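K.L.:
Dropping in my_file.cif, with mmCIF, C-alpha atoms.
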```
data_target
#
loop_
_atom_site.label_atom_id
_atom_site.label_comp_id
_atom_site.auth_asym_id
_atom_site.auth_seq_id
_atom_site.Cartn_x
_atom_site.Cartn_y
_atom_site.Cartn_z
CA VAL J 1 -1.26 -8.08 -8.03
CA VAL J 2 -3.59 -9.82 -10.48
CA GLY J 3 -2.94 -9.20 -14.18
CA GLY J 4 0.30 -7.36 -13.50
CA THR J 5 3.80 -7.31 -14.99
CA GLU J 6 7.26 -7.47 -13.45
CA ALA J 7 8.63 -4.11 -12.36
CA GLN J 8 12.15 -2.78 -12.81
CA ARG J 9 14.36 -2.78 -9.72
CA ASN J 10 14.70 0.99 -9.63
CA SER J 11 11.18 1.79 -10.79
CA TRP J 12 9.31 2.00 -7.48
CA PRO J 13 11.88 2.60 -4.75
CA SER J 14 9.57 3.59 -1.90
CA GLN J 15 7.87 0.21 -1.94
CA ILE J 16 8.53 -1.80 1.21
CA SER J 17 7.85 -5.37 2.33
CA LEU J 18 6.12 -5.72 5.69
CA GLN J 19 7.13 -9.11 7.01
CA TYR J 20 6.18 -10.96 10.20
CA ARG J 21 8.32 -13.52 11.99
CA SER J 22 6.60 -16.77 11.22
CA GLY J 23 8.48 -18.87 13.75
CA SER J 24 11.73 -19.77 12.03
CA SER J 25 11.67 -17.32 9.17
CA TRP J 26 10.05 -14.12 7.95
CA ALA J 27 6.86 -13.96 5.88
CA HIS J 28 5.52 -11.24 3.58
CA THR J 29 2.17 -10.03 4.83
CA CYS J 30 1.79 -6.54 3.36
CA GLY J 31 3.15 -3.66 1.35
CA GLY J 32 4.14 -0.17 2.49
CA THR J 33 5.61 3.23 1.64
CA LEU J 34 8.84 4.64 3.05
CA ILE J 35 7.93 8.27 3.77
CA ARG J 36 10.89 9.14 6.02
CA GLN J 37 14.25 7.38 6.49
CA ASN J 38 12.77 6.06 9.72
CA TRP J 39 9.02 6.30 8.98
CA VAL J 40 6.79 3.86 7.04
CA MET J 41 3.17 4.35 5.88
CA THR J 42 1.06 1.19 5.75
CA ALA J 43 -2.51 -0.01 6.34
CA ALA J 44 -3.75 -0.41 9.90
CA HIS J 45 -5.36 -3.66 8.80
CA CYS J 46 -1.91 -5.13 8.38
CA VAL J 47 -0.76 -4.45 11.91
CA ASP J 48 -3.90 -5.66 13.70
CA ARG J 49 -2.33 -8.82 15.10
CA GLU J 50 0.45 -8.45 17.63
CA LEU J 51 3.25 -10.02 15.61
CA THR J 52 6.94 -9.19 15.23
CA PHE J 53 7.33 -6.99 12.15
CA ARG J 54 10.31 -6.11 9.99
CA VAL J 55 10.45 -3.75 7.03
CA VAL J 56 12.59 -4.57 4.02
CA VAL J 57 13.57 -1.73 1.72
CA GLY J 58 15.22 -2.35 -1.65
CA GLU J 59 13.38 -5.62 -2.20
CA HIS J 60 12.70 -7.17 -5.59
CA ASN J 61 12.65 -10.95 -5.19
CA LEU J 62 11.31 -11.98 -1.80
CA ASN J 63 12.86 -15.42 -2.10
CA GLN J 64 16.16 -14.29 -3.57
CA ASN J 65 19.09 -12.10 -2.53
CA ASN J 66 18.82 -8.98 -4.65
CA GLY J 67 21.93 -7.54 -3.01
CA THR J 68 20.04 -4.29 -2.47
CA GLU J 69 17.98 -5.16 0.61
CA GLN J 70 17.95 -3.37 3.96
CA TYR J 71 16.39 -5.21 6.90
CA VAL J 72 15.04 -2.99 9.68
CA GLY J 73 12.80 -3.66 12.70
CA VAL J 74 9.69 -1.73 13.71
CA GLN J 75 10.09 0.06 17.05
CA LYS J 76 6.72 1.81 17.12
CA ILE J 77 3.26 1.28 15.60
CA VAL J 78 0.80 4.17 15.33
CA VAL J 79 -2.64 3.10 14.10
CA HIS J 80 -5.20 5.81 13.30
CA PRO J 81 -7.25 6.36 16.49
CA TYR J 82 -10.48 5.72 14.56
CA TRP J 83 -9.41 2.36 13.10
CA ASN J 84 -12.00 -0.27 13.89
CA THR J 85 -10.94 -3.69 12.58
CA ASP J 86 -14.54 -4.86 12.30
CA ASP J 87 -15.46 -1.91 10.12
CA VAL J 88 -12.89 -1.58 7.35
CA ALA J 89 -15.75 -0.04 5.40
CA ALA J 90 -15.58 2.89 7.77
CA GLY J 91 -12.09 3.72 6.50
CA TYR J 92 -9.16 5.04 8.58
CA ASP J 93 -7.12 2.06 7.33
CA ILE J 94 -3.76 3.76 7.75
CA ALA J 95 -0.84 3.09 10.10
CA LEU J 96 2.58 4.67 10.65
CA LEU J 97 5.61 2.58 11.63
CA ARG J 98 8.63 4.15 13.29
CA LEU J 99 11.58 2.04 12.22
CA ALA J 100 14.20 1.03 14.80
CA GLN J 101 16.76 2.80 12.62
CA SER J 102 17.05 4.97 9.51
CA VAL J 103 17.55 3.46 6.07
CA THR J 104 20.19 4.47 3.55
CA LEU J 105 18.66 6.15 0.54
CA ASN J 106 19.89 5.06 -2.87
CA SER J 107 18.51 4.28 -6.32
CA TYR J 108 16.73 1.29 -4.83
CA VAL J 109 15.54 3.08 -1.68
CA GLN J 110 13.82 6.47 -1.91
CA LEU J 111 11.13 8.47 -0.13
CA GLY J 112 7.51 8.35 -1.22
CA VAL J 113 6.20 11.64 -2.53
CA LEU J 114 3.02 12.48 -0.66
CA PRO J 115 0.18 14.50 -2.24
CA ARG J 116 -1.15 17.90 -1.24
CA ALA J 117 -3.78 17.77 1.48
CA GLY J 118 -7.27 17.41 0.05
CA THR J 119 -6.20 16.47 -3.47
CA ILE J 120 -8.86 14.61 -5.43
CA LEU J 121 -7.94 13.05 -8.78
CA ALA J 122 -10.14 13.07 -11.85
CA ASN J 123 -11.85 9.97 -13.17
CA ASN J 124 -9.47 7.74 -15.14
CA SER J 125 -6.32 9.31 -13.71
CA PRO J 126 -3.20 7.26 -14.58
CA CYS J 127 -2.19 5.22 -11.53
CA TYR J 128 -0.16 2.06 -10.86
CA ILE J 129 -0.48 -0.55 -8.11
CA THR J 130 2.64 -2.34 -6.99
CA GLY J 131 3.13 -5.26 -4.61
CA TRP J 132 4.00 -8.91 -4.00
CA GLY J 133 0.37 -9.98 -3.62
CA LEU J 134 -1.53 -12.91 -5.08
CA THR J 135 -1.29 -13.06 -8.86
CA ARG J 136 -4.58 -14.97 -8.83
CA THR J 137 -7.64 -15.08 -6.58
CA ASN J 138 -6.75 -17.73 -3.99
CA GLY J 139 -3.39 -18.03 -5.71
CA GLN J 140 0.15 -17.38 -4.48
CA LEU J 141 2.40 -14.41 -3.71
CA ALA J 142 4.59 -13.05 -6.47
CA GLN J 143 8.31 -13.68 -6.08
CA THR J 144 9.14 -10.44 -7.87
CA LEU J 145 7.58 -6.98 -7.57
CA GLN J 146 4.50 -6.81 -9.75
CA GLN J 147 2.97 -3.63 -11.19
CA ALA J 148 -0.43 -2.98 -12.79
CA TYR J 149 -2.12 -0.10 -14.61
CA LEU J 150 -5.03 0.75 -12.35
CA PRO J 151 -6.71 4.01 -13.50
CA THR J 152 -9.10 5.76 -11.13
CA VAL J 153 -12.83 5.51 -10.62
CA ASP J 154 -14.20 8.62 -8.90
CA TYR J 155 -16.49 8.68 -5.88
CA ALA J 156 -19.55 9.39 -8.00
CA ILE J 157 -19.15 6.20 -9.92
CA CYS J 158 -17.60 4.06 -7.22
CA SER J 159 -20.49 4.70 -4.90
CA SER J 160 -22.93 3.40 -7.48
CA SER J 161 -25.00 0.38 -6.49
CA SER J 162 -23.59 -1.14 -9.68
CA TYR J 163 -20.16 -0.72 -8.11
CA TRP J 164 -19.41 -0.57 -4.38
CA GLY J 165 -22.40 1.38 -3.11
CA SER J 166 -22.07 2.93 0.33
CA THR J 167 -19.21 0.63 1.32
CA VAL J 168 -16.87 3.25 -0.06
CA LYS J 169 -16.34 6.55 1.74
CA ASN J 170 -15.14 9.82 0.18
CA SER J 171 -11.93 9.16 2.07
CA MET J 172 -11.26 6.33 -0.37
CA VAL J 173 -9.85 6.03 -3.89
CA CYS J 174 -11.08 3.46 -6.40
CA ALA J 175 -8.86 2.11 -9.16
CA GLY J 176 -9.42 -0.57 -11.80
CA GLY J 177 -12.42 -2.90 -11.85
CA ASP J 178 -11.83 -4.06 -15.43
CA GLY J 179 -11.96 -7.61 -14.11
CA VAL J 180 -8.49 -8.33 -15.45
CA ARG J 181 -6.26 -6.18 -13.28
CA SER J 182 -6.39 -5.51 -9.53
CA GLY J 183 -4.91 -5.79 -6.08
CA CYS J 184 -5.00 -8.99 -4.04
CA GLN J 185 -4.12 -10.57 -0.69
CA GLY J 186 -0.66 -9.29 0.15
CA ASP J 187 -0.76 -5.96 -1.66
CA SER J 188 -2.39 -4.32 1.37
CA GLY J 189 -0.92 -1.14 2.78
CA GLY J 190 1.05 -0.75 -0.41
CA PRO J 191 1.02 2.14 -2.73
CA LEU J 192 -1.08 3.53 -5.56
CA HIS J 193 1.32 5.59 -7.64
CA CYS J 194 -0.46 8.32 -9.59
CA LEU J 195 1.07 10.49 -12.32
CA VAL J 196 0.48 14.14 -11.45
CA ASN J 197 2.45 17.09 -12.91
CA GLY J 198 4.91 14.62 -14.40
CA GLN J 199 5.59 13.21 -10.95
CA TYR J 200 4.54 9.94 -9.31
CA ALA J 201 2.90 10.46 -5.94
CA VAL J 202 1.46 7.91 -3.51
CA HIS J 203 -2.24 8.73 -3.58
CA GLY J 204 -3.45 5.39 -2.25
CA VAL J 205 -2.92 2.78 0.49
CA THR J 206 -4.28 -0.64 -0.59
CA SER J 207 -7.16 -1.39 1.73
CA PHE J 208 -9.60 -4.00 0.39
CA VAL J 209 -11.09 -5.99 -2.49
CA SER J 210 -14.33 -7.90 -3.06
CA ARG J 211 -15.02 -10.93 -0.90
CA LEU J 212 -16.02 -12.59 -4.18
CA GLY J 213 -12.42 -12.27 -5.30
CA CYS J 214 -9.68 -9.86 -6.35
CA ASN J 215 -10.28 -9.13 -10.02
CA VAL J 216 -14.01 -8.56 -10.17
CA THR J 217 -15.64 -6.45 -12.88
CA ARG J 218 -17.03 -3.30 -11.25
CA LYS J 219 -15.39 -4.12 -7.98
CA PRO J 220 -12.26 -1.88 -8.09
CA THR J 221 -9.42 -2.00 -5.61
CA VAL J 222 -10.19 0.36 -2.76
CA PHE J 223 -7.37 2.54 -1.44
CA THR J 224 -7.07 4.83 1.59
CA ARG J 225 -6.98 8.37 0.19
CA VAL J 226 -3.61 9.57 1.58
CA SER J 227 -4.51 13.19 0.82
CA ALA J 228 -7.20 13.10 3.49
CA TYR J 229 -4.77 12.18 6.23
CA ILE J 230 -1.83 14.48 5.41
CA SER J 231 -2.53 16.52 8.55
CA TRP J 232 -2.53 13.47 10.77
CA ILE J 233 0.59 12.06 9.15
CA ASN J 234 2.43 15.25 9.92
CA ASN J 235 1.16 15.54 13.47
CA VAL J 236 2.21 12.01 14.31
CA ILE J 237 5.66 12.33 12.83
CA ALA J 238 6.29 15.63 14.54
CA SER J 239 5.16 14.47 17.95
CA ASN J 240 7.44 11.49 17.53
#
```
Spell out the structure here as structure tokens.
P.N.:
Amino acid sequence: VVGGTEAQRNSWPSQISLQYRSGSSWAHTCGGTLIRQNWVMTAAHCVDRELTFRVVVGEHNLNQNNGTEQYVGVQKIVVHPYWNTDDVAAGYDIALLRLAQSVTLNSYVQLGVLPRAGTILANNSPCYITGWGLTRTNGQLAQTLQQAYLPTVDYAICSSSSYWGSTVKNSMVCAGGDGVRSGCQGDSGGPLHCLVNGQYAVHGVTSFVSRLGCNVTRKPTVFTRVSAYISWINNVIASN
């Protein structure tokens, strides 16, 4: 998260760390959202490479024992049947991970409130992006959980040639683009918390940024519009 601040331990308690076993130890590759005690919603782009994944709930400082962490393995990976790695611009960048076991919900570990199917936010809607991603373009991962005020840019504007053009599908949410604040390498799959009816719901799944860099003016962080997939998310979880 570029241009972000340090979050409070209990602030965003659905936020997970998707780590892969890099030989000796575990490395943070992506973000995620605990939707069930045994189900995790991340980006398909994260689970492309056949690695050994573990999900850590209750994380704050990757490199330091927070005393609140729960370490659970991923028994099952369900990537959206239309996900085509070579065409992230096509969308469908959403995956569901069935955890080897259920996590214990506390003030550090809660479930992510999903939006109503088909829900489109208005332009400039108050959203936050959280994650342990690069604080700078080509920089390094944040030790502690960073948060940034990333208001929304509707489809009408985000599909402008001055913005993203046709790279962005209606199935996507755009937030930020101020050139100061954004999402970066590592934030992927992690959650775009939007304030609706006084309640924070996970409207977005961090997909991509501009090849030119993370915090690029008129190149807002593109999220996978969770509200489009609600049906699928339910079907998968119920057949599993």
K.L.:
What separation in Å, quoted to one decimal, exists between CA of residue 14 (chain J) and CA of residue 43 (chain J)?
P.N.:
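Distance between the two atoms: 15.1 Å.
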K.L.:
Out of J:215, J:210, J:235, J:227, which residue has the shortest atom-to-atom distance to residue 178 (chain J) when counting all atoms listed in the file?
P.N.:
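Of J:215, J:210, J:235, J:227, the one nearest residue 178 (chain J) is J:215, counting all atoms listed in the file.
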K.L.:
Which value, in Å to one decimal, gives the distance between CA of residue 203 (chain J) and CA of residue 139 (chain J)?
P.N.:
26.9 Å
K.L.:
As a check of understanding, name the residues that the PyMOL selection byres ((chain J and resi 217) around 6) selects in the supplied structure, as a list in words.
P.N.:
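Residues picked by the PyMOL selection byres ((chain J and resi 217) around 6): residues 177, 178, 179, 216, 218 and 219 of chain J.
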K.L.:
For the selection just defined, write its residues with C-alpha atoms to a file, as a PDB file, keeping the file's coordinate frame.
P.N.:
```pdb
ATOM      1  CA  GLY J 177     -12.420  -2.900 -11.850  1.00  0.00           C
ATOM      2  CA  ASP J 178     -11.830  -4.060 -15.430  1.00  0.00           C
ATOM      3  CA  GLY J 179     -11.960  -7.610 -14.110  1.00  0.00           C
ATOM      4  CA  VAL J 216     -14.010  -8.560 -10.170  1.00  0.00           C
ATOM      5  CA  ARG J 218     -17.030  -3.300 -11.250  1.00  0.00           C
ATOM      6  CA  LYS J 219     -15.390  -4.120  -7.980  1.00  0.00           C
TER       7      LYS J 219
END
```
K.L.:
With the PyMOL selection byres ((chain J and resi 170) around 12) as the selection, what would be picked from this file? Answer as an MDAnalysis selection string, please.
P.N.:
chainID J and resid 89:92 118:121 153:159 165:169 171:174 222:228
K.L.:
Of the candidates J:108, J:164, J:200, J:82, which one gets nearest to residue 125 (chain J) if we count all atoms listed in the file?
P.N.:
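The answer is J:200, which sits nearest to residue 125 (chain J).
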K.L.:
Please expand the PyMOL selection byres ((chain J and resi 35) around 9) into the concrete residues it hits in this file, giving the result as a list in words.
P.N.:
residues 14, 33, 34, 36, 37, 38, 39, 40, 41, 110, 111, 112, 113 and 114 of chain J
K.L.:
Write out as a PyMOL selection string each polymer residue whose atoms come within 9 Å of residue 175 (chain J), counting all atoms listed in the file; drop sequence neighbours fewer than 3 positions from it.
P.N.:
chain J and resi 124-125+127-129+149-154+182+192+220-223
K.L.:
As an exercise, work out the distance from CA of residue 84 (chain J) to CA of residue 48 (chain J) in Å and give it to one decimal place.
P.N.:
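If I compute the distance from CA of residue 84 (chain J) to CA of residue 48 (chain J), I get 9.7 Å.
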K.L.:
Taking all atoms listed in the file into account, which of J:6, J:93, J:50, J:69 comes nearest residue 148 (chain J)?
P.N.:
J:6
K.L.:
Which residue out of J:32, J:73, J:81, J:67 has the minimum interatomic distance to residue 193 (chain J) when only C-alpha atoms are used?
P.N.:
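For residue 193 (chain J), the nearest of the candidates is J:32.
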K.L.:
Using all atoms of region 216-230 of chain J that appear in the file, construct an axis-aligned enclosing box with 6 Å of padding on every side and provide its centre coordinates and edge lengths in Å, rounded to one decimal, as JSON.
P.N.:
```
{"center_x": -9.4, "center_y": 3.0, "center_z": -3.3, "size_x": 27.2, "size_y": 35.0, "size_z": 31.1}
```
K.L.:
Just checking: using all atoms listed in the file, which residue out of J:83, J:71, J:132, J:53 ends up closest to residue 97 (chain J)?
P.N.:
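Result for the nearest residue to residue 97 (chain J): J:53.
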K.L.:
Write out as an NGL selection string which residues come within 12 Å of residue 184 (chain J) when counting only C-alpha atoms, dropping same-chain ones fewer than 2 positions away.
P.N.:
:J and (1-4 or 29-31 or 129-142 or 146-148 or 180-182 or 186-190 or 206-216 or 220-222)
K.L.:
Which residue gives the smallest distance to residue 95 (chain J) among J:60, J:21, J:45, J:116, with only C-alpha atoms counted?
P.N.:
J:45
